[PDB]
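Colleague: So here's data.pdb (PDB, C-alpha atoms).
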```pdb
ATOM      1  CA  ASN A   1     -40.675 -75.395  -4.122  1.00  0.00           C
ATOM      2  CA  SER A   2     -40.050 -72.478  -6.450  1.00  0.00           C
ATOM      3  CA  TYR A   3     -40.087 -68.779  -5.666  1.00  0.00           C
ATOM      4  CA  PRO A   4     -39.636 -65.516  -7.628  1.00  0.00           C
ATOM      5  CA  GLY A   5     -36.310 -63.955  -6.754  1.00  0.00           C
ATOM      6  CA  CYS A   6     -33.117 -62.608  -8.274  1.00  0.00           C
ATOM      7  CA  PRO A   7     -30.735 -60.489  -6.142  1.00  0.00           C
ATOM      8  CA  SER A   8     -28.005 -58.216  -7.418  1.00  0.00           C
ATOM      9  CA  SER A   9     -25.507 -60.947  -6.631  1.00  0.00           C
ATOM     10  CA  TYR A  10     -25.516 -61.779 -10.322  1.00  0.00           C
ATOM     11  CA  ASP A  11     -26.406 -59.803 -13.425  1.00  0.00           C
ATOM     12  CA  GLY A  12     -28.139 -61.209 -16.482  1.00  0.00           C
ATOM     13  CA  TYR A  13     -28.731 -64.785 -15.396  1.00  0.00           C
ATOM     14  CA  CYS A  14     -31.197 -64.920 -18.263  1.00  0.00           C
ATOM     15  CA  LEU A  15     -29.933 -64.456 -21.800  1.00  0.00           C
ATOM     16  CA  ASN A  16     -31.549 -64.165 -25.210  1.00  0.00           C
ATOM     17  CA  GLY A  17     -34.842 -63.166 -23.636  1.00  0.00           C
ATOM     18  CA  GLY A  18     -36.015 -64.796 -20.428  1.00  0.00           C
ATOM     19  CA  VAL A  19     -37.064 -64.029 -16.872  1.00  0.00           C
ATOM     20  CA  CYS A  20     -35.312 -64.761 -13.600  1.00  0.00           C
ATOM     21  CA  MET A  21     -36.899 -66.827 -10.857  1.00  0.00           C
ATOM     22  CA  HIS A  22     -35.523 -68.407  -7.712  1.00  0.00           C
ATOM     23  CA  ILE A  23     -35.681 -72.009  -6.572  1.00  0.00           C
ATOM     24  CA  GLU A  24     -35.944 -73.378  -3.053  1.00  0.00           C
ATOM     25  CA  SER A  25     -34.921 -76.929  -3.875  1.00  0.00           C
ATOM     26  CA  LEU A  26     -31.225 -76.133  -3.692  1.00  0.00           C
ATOM     27  CA  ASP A  27     -31.524 -72.464  -2.823  1.00  0.00           C
ATOM     28  CA  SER A  28     -30.447 -72.042  -6.426  1.00  0.00           C
ATOM     29  CA  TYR A  29     -31.490 -69.425  -8.948  1.00  0.00           C
ATOM     30  CA  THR A  30     -32.794 -70.228 -12.407  1.00  0.00           C
ATOM     31  CA  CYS A  31     -34.274 -68.620 -15.495  1.00  0.00           C
ATOM     32  CA  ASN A  32     -37.150 -69.442 -17.813  1.00  0.00           C
ATOM     33  CA  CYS A  33     -37.334 -68.693 -21.518  1.00  0.00           C
ATOM     34  CA  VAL A  34     -39.484 -69.265 -24.573  1.00  0.00           C
ATOM     35  CA  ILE A  35     -39.960 -71.678 -27.449  1.00  0.00           C
ATOM     36  CA  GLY A  36     -36.552 -71.979 -29.058  1.00  0.00           C
ATOM     37  CA  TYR A  37     -34.933 -71.495 -25.671  1.00  0.00           C
ATOM     38  CA  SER A  38     -34.918 -73.011 -22.212  1.00  0.00           C
ATOM     39  CA  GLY A  39     -32.786 -74.748 -19.613  1.00  0.00           C
ATOM     40  CA  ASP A  40     -31.223 -73.058 -16.610  1.00  0.00           C
ATOM     41  CA  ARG A  41     -31.815 -69.869 -18.555  1.00  0.00           C
ATOM     42  CA  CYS A  42     -31.965 -69.754 -22.334  1.00  0.00           C
ATOM     43  CA  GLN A  43     -29.008 -71.900 -23.310  1.00  0.00           C
ATOM     44  CA  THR A  44     -31.011 -74.715 -24.858  1.00  0.00           C
ATOM     45  CA  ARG A  45     -31.905 -72.825 -28.014  1.00  0.00           C
ATOM     46  CA  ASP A  46     -34.249 -75.589 -29.100  1.00  0.00           C
ATOM     47  CA  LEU A  47     -37.936 -76.172 -29.724  1.00  0.00           C
ATOM     48  CA  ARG A  48     -39.036 -78.892 -27.337  1.00  0.00           C
ATOM     49  CA  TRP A  49     -42.622 -78.236 -26.322  1.00  0.00           C
ATOM     50  CA  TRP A  50     -41.872 -77.491 -22.690  1.00  0.00           C
ATOM     51  CA  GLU A  51     -44.921 -75.361 -21.983  1.00  0.00           C
ATOM     52  CA  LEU A  52     -48.696 -75.355 -22.254  1.00  0.00           C
ATOM     53  CA  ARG A  53     -51.470 -72.790 -22.444  1.00  0.00           C
TER      54      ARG A  53
END
```
Can you present the structure in this file as structure tokens?
Modeller:
Amino acid sequence: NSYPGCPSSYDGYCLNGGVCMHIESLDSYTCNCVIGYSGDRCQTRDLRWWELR
């Protein structure tokens, strides 16, 4: 499952211009981005239609 969360443990898990959201699969934290960026945050500065609507 996935859940919105981002404690103060870190600081700027998302770069370029993304939003932070937590995961419950590995109790890990991740970050979403926009066209021209994705991955664990915004590292994959690529196109790659990875979204809809």
Colleague: What is the distance between CA of residue 53 (chain A) and CA of residue 7 (chain A), in Å to one decimal?
Modeller: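 For CA of residue 53 (chain A) relative to CA of residue 7 (chain A), the distance reads 29.1 Å.
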Colleague: Return as JSON, numbers by chain the set of residues that the PyMOL selection byres ((chain A and resi 33) around 10) yields on the displayed structure.
Modeller: {"A": [14, 15, 16, 17, 18, 19, 20, 31, 32, 34, 35, 36, 37, 38, 39, 40, 41, 42, 43, 44, 45, 50]}
Colleague: Tell me, as a ChimeraX atom specification, which residues lie within 10 Å of residue 29 (chain A), counting only C-alpha atoms; anything in the same chain fewer than 5 positions away does not count.
Modeller: /A:2-7,10,13,20-24,40-41
Colleague: Could you give me the axis-aligned bounding box of region 12-29 of chain A, with 4 Å of padding per side, as centre plus edge lengths in Å to one decimal, as AutoDock Vina command-line options?
Modeller:
```
--center_x -32.6 --center_y -69.1 --center_z -14.0 --size_x 16.9 --size_y 23.7 --size_z 30.4
```
